Amino acid sequence: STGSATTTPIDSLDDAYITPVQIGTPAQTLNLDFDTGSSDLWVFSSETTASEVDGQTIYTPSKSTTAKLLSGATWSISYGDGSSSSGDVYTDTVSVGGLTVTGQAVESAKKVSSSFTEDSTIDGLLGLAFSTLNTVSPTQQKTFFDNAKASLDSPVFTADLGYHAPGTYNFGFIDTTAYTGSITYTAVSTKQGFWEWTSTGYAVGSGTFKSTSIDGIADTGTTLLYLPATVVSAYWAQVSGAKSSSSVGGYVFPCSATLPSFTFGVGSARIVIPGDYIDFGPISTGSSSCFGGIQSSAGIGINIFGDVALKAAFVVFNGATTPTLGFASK
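Per PDB author numbering, the sequence shown starts with residue 1, numbered consecutively.
Okay, structure coming up:
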């Protein structure tokens with residue numbers, strides 16, 4: 001089997017991407033944030049504290065003839081951005097782009113943090129990291145991909161995120177028309193539950209490539225590119241007037257700037273992030289100071305190849321017995 005679904009930016013900055021997901025019988029379609037950095041499929045629901053719902057579409061398990069309470073199961077998650085959610089668990093039928101999993105754990109939120117409430121466009125998350133990170137207790141549950149894998153034509157999914165435009169998540173096949181040149185594959189460590197890999201280096205603009213190992217995670221659920229402070233300083237030094245602002249919480253730059261590209265290595269291959277991908281617009285409405293899309297990972301504890309990086313590539317998440325990651329230009 002295979003599935004193919006379009007993923008759409010939630011706003012003009014590509015702050016996140018949403019993908020429609022069918023849950024239950026009859027289908028209830030919710031727009032979920034596909035997150036290769038976590039492993040819970042959770043939704044706003046009829047059980048979510050009313051004051052914490054503000055415009056989201058909710059899953060109502062009582063209206064699904066295939067929903068079953070997973071007795072005794074609870075979940076609770078906190079994300080790298082400080083947001084969180086928690087609740088109980090149903091199993092139900094879940095379909096993405098024509099690919100159907102029966103008995104998928106659907107984690108129903110009783111509580112969500114303010115940042116979730118305040119984002120009306122995201123109805124929940126669909127985790128695509130390794131199931132070892134799933135938070136359901138006392139019986140850990142599998143991700144949608146993990147459940148679908150054996151049925152897929154090939155045990156893979158691909159992320160093809162757009163810049164200021166829709167893109168695609170495919171399950172079970174590689175669309176050879178969706179990228180240019182070849183796909184370069186690189187080793188993955190699953191030891192921390194992530195799609196963790198080692199970039200071979202970077203370049204800033206038309207500058208020379210610096211060969212250096214950068215361990216980090218491919219994370220579709222993180223907006224920005226978080227890299228070591230040395231690398232980030234080298235990037236922003238090429239932008240007149242750019243500075244790290246403790247008050248704003250990262251590098252900012254004059255909105256009048258033309259940003260240089262940023263290249264990262266995948267083995268001997270190179271992925272070029274155009275400068276415009278690194279512009280996250282005014283820090284506040286009407287400001288001429290703009291927020292940078294490349295930020296320091298210092299104090300995160302891990303480097304994160306978030307959407308800024310991934311949207312410059314066609315990315316293969318290969319869930320073979322020994323997982324790997326593939327990157328192609330597009």
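Just so you know, even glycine gets a beta-carbon here, dropped at the ideal spot from N, CA and C.
- Rounded to whole angstroms, the Cβ separation of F144 and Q192 is 20 Å, and the two are not in contact under 8 Å.
- Rounded to whole angstroms, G301 and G286 show a C-alpha spacing of 33 Å.
- For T220, the closest of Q28, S38 and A5 by C-alpha to C-alpha distance is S38.
- With a threshold of 16 other beta carbon atoms within 10 Å, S137 falls short and is exposed.
- Just so you know, the alpha carbons of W195 and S189 end up roughly 7 Å apart.
- Under DSSP, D15 forms no beta bridge with any residue.
- Judged by their CB atoms, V106 and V53 are not nearer to each other than the 9 Å cut-off.
- If you draw a 10 Å sphere on the C-beta of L69, you find fewer than 16 other C-beta atoms in it, and that means exposed.
- Between the region 146 to 158 and the region 46 to 64, the count of Cβ pairs shorter than 8 Å is below three; the stretches do not touch.
- Collapsing the DSSP output to three states places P228 in coil.
- Short of 6 Å from the beta carbon of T65, and not among the five residues preceding or following it, lie these beta carbons of its own chain, in chain order: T25.
- Under the three-state reduction of DSSP, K149 is assigned to helix.
- Between the region 109 to 116 and the region 79 to 92, the count of C-beta pairs closer than 8 Å reaches three or more; the two stretches touch.
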